[PDB]
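Using the authors' numbering, the letters of the sequence shown correspond one by one to residues 16 to 34, 37 to 67, 69 to 125, 127 to 130, 132 to 184, 184A, 185 to 188, 188A, 189 to 204, 209 to 217, 219 to 221, 221A, 222 to 245. Yeah, the Cβ is synthetic: ideal placement off N, Cα and C, and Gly gets one too.
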Amino acid sequence: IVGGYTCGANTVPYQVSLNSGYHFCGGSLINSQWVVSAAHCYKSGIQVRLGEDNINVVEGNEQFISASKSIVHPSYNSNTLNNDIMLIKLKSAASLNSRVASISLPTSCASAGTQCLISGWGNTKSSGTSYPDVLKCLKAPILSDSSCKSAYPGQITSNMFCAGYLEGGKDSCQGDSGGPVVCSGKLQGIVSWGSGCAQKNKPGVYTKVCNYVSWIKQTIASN
Ligand SMILES: NCc1ccc2c(c1)CCO2
Ligand SMILES: [Ca+2]
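1) Pick helix, strand or coil for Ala129, following the three-state DSSP scheme.
2) Going along the chain, which residues of its own chain have a beta-carbon closer than 6 Å to the beta-carbon of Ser146, five neighbours each way excluded?
3) Check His57 in the structure and name its three-state DSSP category.
4) How long is the line joining the alpha carbons of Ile176 and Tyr39, rounded to whole angstroms?
5) Out of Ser166, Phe41, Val213, which has the shortest C-alpha to C-alpha gap to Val231?
6) Along the chain, where does the alpha helix (DSSP H) containing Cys168 start, and where does it finish?
7) So which residues put a beta carbon under 6 Å from any heavy atom of ligand 1, going in chain order?
8) Is it buried or exposed for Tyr228, if we count other Cβ within 10 angstroms and need 16 for buried?
9) Just reading off the beta strand (DSSP E) that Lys230 is part of, what are its end residues?
10) What is the residue span of the alpha helix (DSSP H) that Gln240 lies within?
11) Under a three-way DSSP split, which group does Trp141 fall into?
12) Going by DSSP, what residue range makes up the beta strand (DSSP E) through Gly38?
13) Pick helix, strand or coil for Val27, following the three-state DSSP scheme.
14) For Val75, count neighbouring C-beta atoms within 10 Å of its own C-beta (all shown protein chains included) and say buried if the count is 16 or more, exposed if not.
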């Protein structure tokens, strides 16, 4: 996250870290057994780390649970990033508490102008490279379809939205991938892509979660 703030420990209780020897992506806990992330975060050998603040220090609220199964969306295209969503099942159910909690799925698509919270352990510099240990946060609005399209000609599908600031300075960044965009207590986006971080006229692009709720529910019901 560039241009964000320190969230505070365990203040974003649905935020997980995906670890394969090191943090490599965010995700969102959506029930005791399942996490939502980006398809471009897929790999084998994932351990889900819940209850994290400092990802380099055991602070006392963590739960570490290995994935039993990954399900990339049927229609994910890794060249266009259309349908950039996957589900990860945990080998055991997480203990839910005030610091480890699921985030609700949307029942309707959010509108441009809605305020959201984006979080993660990604790079905090737009030029340069510095990875934080503790979780960073950013409040950012959803941008209109038209302005998203204008920023990225011929790249924004109906499964994507932009959020952030056209003036730049405040955005998600590499290592935030797969993490949440939460708006009014609902998971509306997944950190997906963009062009650099926090550049003028290049806001973040996010997977539009409301389009995937019935796939998510049916997948959970049979897996
Ligand atoms: N600035 C949005 C954005 C830019 C780059 C990036 C990500 C997000 C996740 C992977 O790398
Ligand atoms: Ca920790």
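Once the coordinates are examined:
1) coil
2) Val17, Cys220, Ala221
3) helix
4) 31 Å
5) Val213
6) 165-171
7) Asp189, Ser190, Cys191, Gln192, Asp194, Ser195, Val213, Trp215, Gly216, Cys220, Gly226
8) buried
9) 226-230
10) 235-244
11) coil
12) Here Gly38 belongs to no beta strand (DSSP E), and DSSP marks it neither H nor E.
13) coil
14) exposed
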